[PDB]
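Chemist:
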Amino acid sequence: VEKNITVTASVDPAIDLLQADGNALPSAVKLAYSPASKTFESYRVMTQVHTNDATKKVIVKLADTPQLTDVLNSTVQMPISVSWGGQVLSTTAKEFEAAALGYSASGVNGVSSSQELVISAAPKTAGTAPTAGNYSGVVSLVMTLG
Amino acid sequence: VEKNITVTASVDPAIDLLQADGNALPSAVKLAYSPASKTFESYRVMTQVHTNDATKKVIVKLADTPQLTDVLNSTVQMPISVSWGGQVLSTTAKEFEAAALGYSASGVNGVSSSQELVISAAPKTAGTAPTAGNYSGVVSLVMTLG
Amino acid sequence: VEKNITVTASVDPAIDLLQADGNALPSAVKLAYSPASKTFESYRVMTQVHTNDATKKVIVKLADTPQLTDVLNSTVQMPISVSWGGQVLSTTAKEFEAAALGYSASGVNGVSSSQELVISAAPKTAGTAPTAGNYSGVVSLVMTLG
Amino acid sequence: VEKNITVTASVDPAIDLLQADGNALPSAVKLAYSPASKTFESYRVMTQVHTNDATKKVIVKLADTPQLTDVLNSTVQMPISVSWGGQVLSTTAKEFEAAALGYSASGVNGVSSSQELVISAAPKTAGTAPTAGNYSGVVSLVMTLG
Amino acid sequence: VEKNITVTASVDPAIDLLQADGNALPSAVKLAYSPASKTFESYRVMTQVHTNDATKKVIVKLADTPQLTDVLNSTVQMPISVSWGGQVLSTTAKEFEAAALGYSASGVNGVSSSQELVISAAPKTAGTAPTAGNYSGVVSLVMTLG
Amino acid sequence: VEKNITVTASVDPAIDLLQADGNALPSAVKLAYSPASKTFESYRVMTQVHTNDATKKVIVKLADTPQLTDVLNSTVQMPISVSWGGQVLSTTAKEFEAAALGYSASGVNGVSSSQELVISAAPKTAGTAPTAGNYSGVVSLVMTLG
Amino acid sequence: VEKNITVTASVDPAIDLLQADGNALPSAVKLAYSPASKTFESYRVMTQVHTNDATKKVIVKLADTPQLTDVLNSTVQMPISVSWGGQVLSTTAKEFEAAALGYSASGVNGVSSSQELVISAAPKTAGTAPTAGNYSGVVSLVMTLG
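In order, the protein sequences belong to chains A, B, C, D, E, F and G. Just so you know, my numbering puts 71 at position 71 of the first sequence, and the rest follows in order with no gaps. Just so you know, my numbering puts 84 at position 84 of the second sequence, and the rest follows in order with no gaps. Just so you know, my numbering puts 123 at position 123 of the third sequence, and the rest follows in order with no gaps. Just so you know, my numbering puts 96 at position 96 of the fourth sequence, and the rest follows in order with no gaps. Just so you know, my numbering puts 140 at position 140 of the fifth sequence, and the rest follows in order with no gaps. Just so you know, my numbering puts 84 at position 84 of the sixth sequence, and the rest follows in order with no gaps. Just so you know, my numbering puts 80 at position 80 of the seventh sequence, and the rest follows in order with no gaps.
(1) List, in order along the chain, the chain C residues whose C-beta lies closer than 7 Å to that of residue 42 of chain G?
(2) Using the beta-carbon of each residue, which ones in chain E are nearer than 7 Å to residue 105 of chain B?
(3) Specify, as a first and last residue, the run of the beta strand (DSSP E) that residue 32 of chain C falls within.
(4) In angstroms, rounded to a whole number, what distance separates the CA positions of residue 35 of chain G and residue 132 of chain D?
(5) Between the Cα of residue 93 of chain E and those of E:83, E:16, E:100, spot the shortest distance and give me the residue it belongs to.
(6) When DSSP labels each residue in this structure, what does residue 214 of chain E get in the three-state scheme?
(7) Using a C-beta to C-beta distance shorter than 7 Å, which residues of chain B count as neighbours of residue 71 of chain E?
(8) Mind checking which residues open and close the beta strand (DSSP E) that includes residue 141 of chain E?
(9) Quick check on residue 16 of chain D - is its C-beta less than 7 Å from some C-beta in chain E?
(10) Where do the N-terminal and C-terminal ends of the beta strand (DSSP E) with residue 9 of chain C fall, by residue?
(11) Whose Cβ in chain D lies nearer than 9 Å to the Cβ of residue 83 of chain G?
(12) What is the rounded straight-line gap between the Cα of residue 80 of chain D and the Cα of residue 60 of chain D?
(13) Are the C-beta of residue 86 of chain A and some C-beta of chain D separated by less than 7 Å?
(14) Can you list the residues of chain I that residue 12 of chain B reaches, using a CB-CB cut of under 8 Å?
(15) Determine the closest residue to residue 19 of chain F out of F:30, F:50, F:1, with distance taken between C-alpha atoms.
(16) Ignore the nearest five residues each way along the sequence and tell me which others in residue 105 of chain F's own chain have a CB closer than 6 Å to its CB.
(17) Grab me the residues of residue 89 of chain G's own chain with a C-beta within less than 7 Å of its C-beta, minus the 5 sequence neighbours each way, in chain order.
(18) Are the region 1-21 of chain C and the region 122-136 of chain C touching by the rule of at least three beta carbon pairs closer than 8 Å?
(19) Just how far apart, CA to CA, sit residue 64 of chain F and residue 77 of chain F?
(20) For a test of the three-state rule: what should DSSP assign to residue 14 of chain G, helix, strand or coil?
(21) Would residue 16 of chain E be called buried (16 or more neighbouring beta carbons within 10 Å of its own) or exposed?
(22) Anything in chain E within Cβ reach of residue 108 of chain F, meaning under 8 Å, just list it in chain order.
(23) Decide if residue 72 of chain G is buried, meaning its Cβ has at least 16 other Cβ atoms within 10 Å, or exposed.
(24) Run through DSSP, which three-state label would residue 98 of chain F get?
(25) Output the boundary residues of the beta strand (DSSP E) element that contains residue 117 of chain E.
(26) With distances taken between CB atoms, is the gap from residue 123 of chain A to residue 129 of chain G smaller than 7 Å?
(27) Please report the distance separating the alpha-carbon of residue 119 of chain C from that of residue 98 of chain A.
(28) For residue 70 of chain F and residue 108 of chain D, I'd like the C-alpha separation in whole angstroms.
(29) Given this structure, state the Cα-to-Cα distance separating residue 48 of chain B from residue 115 of chain B, to the nearest angstrom.
(30) Nearest to residue 38 of chain A by CA position, among B:75, B:121, B:110, B:30, is which residue?
(31) Would you mind giving the Cβ-Cβ distance between residue 66 of chain E and residue 139 of chain E, rounded to the nearest angstrom? I have them listed as a contact below 8 Å.
(32) Measure the CB-CB distance between residue 188 of chain D and residue 31 of chain D and report whether it falls below 7 Å.
(33) Which chain E residues sit within Cβ distance under 7 Å of residue 22 of chain C?
(34) Please report how far the alpha carbon of residue 3 of chain E lies from the alpha carbon of residue 40 of chain B, in whole angstroms.
(35) Taking residue 145 of chain E as the reference, which of E:68, E:28, E:57, E:43 has the closest Cα?
(36) Secondary structure at residue 128 of chain D, three-state DSSP: helix, strand or coil?
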């Protein structure tokens, strides 16, 4: 037999995010709506940033405001909230100092301390249940070196 | 770098199931077979039901009779048994009263007492060892409000 | 709501391993490294073997020599040592007699006495600290009936 | 049968924490709230630090301020307090001298005397009961050598 | 090193149970069976109830009738008997008056006198030895304020 | 509140060991080392055997030769010596007659006279102090009816 | 409605590879690049070989040397390393004996023990970061019977 396995990779020499255990971030996450409290469960994962130069600050921002949208009704939207390193991310660029990230906390140089990434969504109107259906959205997290 | 994390969610304003610790139910379970006793281990998890209205009864049923089937032989089947709240579930719809579920037992309104969910399988013929191989199946648990 | 829980199972009519309390073996284990003594902590669990026929001997072997490898450097390796029933396992097949396992020690037929399984790792060079990073590996324990 | 047990380990040649009995620290802890005194129970464990070089000081800090957050409401928070070696830990780095830790108190070189680790939480407003629900959080304890 | 310790807590502002020495109740108990008398040993622990309001009665009940079940045979069952405060608990709700509990017997307000909790099991048929194997079950004790 | 207490039990209809006061045997024991005499303290407990049939002999043996091993060095071992009923136990099976055990010495039928169980360890080389550290081991006592 | 689902299959009566859980191998894999260590993450999957005749040896080779190439610059290349069964694969043909594969380890005849497949890539010049961009490549694994 012949088995053609396609191998693909994306390379950025400067920066990237990886999980605290040394694995790539998940490509998809699942949220749960609970009717009693009218809110969605948050997704939390501990991430470490790998950098080529540890002396420069890190700028984190979102490419666009993420929104959960119904697969059958593009009109219905629900905002998505993303926070990294304990601060809420948005289109405006946040800045993290190199000393705050704690590079080389372990024996590996260029790897910072674990930073928590939180993904969550809320109804667009407070105290109102969202319309039934399946929702989907994309969070475009952009990280660049100072 | 840019990391496109896809966020998806399914919303039902009326009812749903969550674990007793406030987490979504597992998407996959594993059963073990012991050759000496010719039986499979059961999977048990404690679940709590969240409802928009606590005064209505709850109807629980299975969409279809689940069966473990060999991944390499669709002919070989093994029945799966599912029980929730201490009663055996089937295609015929069971009914649970609102008072039996014990809503608002804790300080959170609309959340009932913990109900145990049991997943298990048995050989289709009693006292006969199943054929060797890998088996798989899907349990489609359907819960609706009265 | 509909919740599609996938149920999967692997069946071998002859033999398998289970924990002494009647649970499946863990799918993952964690080792701890202490800088002071340059050695890793061992993982120990008490297991019982279930057999269809108690009169036959048991052959235990490893599919391949396990090694801890760095997730970021496939070149760096650390050997893993596995021992079951008080004897060191390897690629060469060990043999355990049916009388040594003590079948039906309790009231259940076909279940032997508790056998200890030990998982441990050591640096590839004695007296040298391993390179910092996260390591991973797989132990493929193979058990077959005589 | 074949049983694929995944073995993973994290190695830091310089420093780490272990329990006083020579076991890894627990990955999860449980706190208890008492309605009568409006306070949470503290978690206490005796830990020993293992070092490659016993002549250097030890710096202990938290990667971020831990907070207990409701699994269903990311808005509700409760601060977590962590203290090690009798001093309260925070984002600002504490320093412990090598003589204060008492290295080689027993016959093992590079192992210090037992240091107590305390994990506790309190309501964000004094004298006010927290909202009912399930809370979760992560404490990221960072220890590095001087 | 970085050590991510997960901290979790469950909060009910009204009521809860704690041990007489101020510790959380055990999450697991062990029963012993003696062949000579055909009965199981009882588990006894002294508990104190903490309440936000000491003037209201206390309702105690079980979410479902607990049963010991064989880990390898879901058909085999053994009933579990639970009694708190000297009275047998069941699905029907018991009621304890605020004066009978003796609140503030010591210097701490809102804490009652010690109440004994008894967990025990018996064979489903009197005078018959249970089938050999390992048994497990869950007791869901529900306590609410009047 | 809801408190999920897990109840588990192991049943053997034929035989078992219990303490002379009617309690289960301890799951863990502690040994002390005195530098002055290069020996370990022995652990002694008085046990009574409960049997379904008092006319049959009792066979007592160890599943494997117990050894104290260093938690940080699996190479270092220390033998453990176990004796029950005044005779040294080993892998080879001992036999105790029904008349020697003195069944029904008290008013309870099927319960024998008190038999002493001794657990002790010694250095693997006589007159040599063991290496410093923490040691652990498991004694697998197997008792079966004739 | 009419839904035209195209069904296609490739048949080789002699040999093929499947995952250890009985699924086809993935058609695409993703590699992660970390700037700090200047290396790519490896892809590891456990595979089992199915054969028509278990007495013949197995020859494994690559059709051509795989290389990661930039989608926008065909000049930029990065070598891909593939290893199966613990040995590095190349254009020269490796040979695996029928006894080393351990056929019929489980109850299914003609299925061998689990063999690990590793896919990884490295920069063409050691210690040099690859040029930024998206890379792609194909691994043509050829397996034939002796």
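For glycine and all other residues, C-beta sits at the position ideal for the given N, C-alpha and C.
Modeler: In terms of the structure at hand:
(1) 74
(2) 142, 144
(3) Residue 32 of chain C -> beta strand (DSSP E) spans 28-34.
(4) 45 Å
(5) E:83
(6) Beyond the ends of chain E as shown, which are 1 and 146, falls residue 214 of chain E; an answer cannot be given.
(7) 41
(8) 133-145
(9) yes
(10) 2-11
(11) Here the premise fails: no neighbours, minimum Cβ distance about 17 Å.
(12) 16 Å
(13) yes
(14) No chain I is part of this structure, whose protein chains are labelled A, B, C, D, E, F and G.
(15) F:50
(16) Excluding sequence neighbours, residue 105 of chain F sits near 113.
(17) 60, 61, 62, 82, 83
(18) no
(19) For the pair residue 64 of chain F and residue 77 of chain F, the Cα-to-Cα distance works out to about 14 Å.
(20) coil
(21) buried
(22) By Cβ distance, chain E contributes 36, 37.
(23) exposed
(24) helix
(25) Judged by DSSP secondary structure, residue 117 of chain E falls within the beta strand (DSSP E) whose first and last residues are 115-121.
(26) no
(27) 40 Å
(28) 12 Å
(29) 6 Å
(30) B:110
(31) 5 Å
(32) Outside the displayed span of chain D (1 to 146) sits residue 188 of chain D, for which this structure offers no information.
(33) 71, 72, 134
(34) Cα to Cα, residue 3 of chain E sits roughly 38 Å from residue 40 of chain B.
(35) E:57
(36) coil
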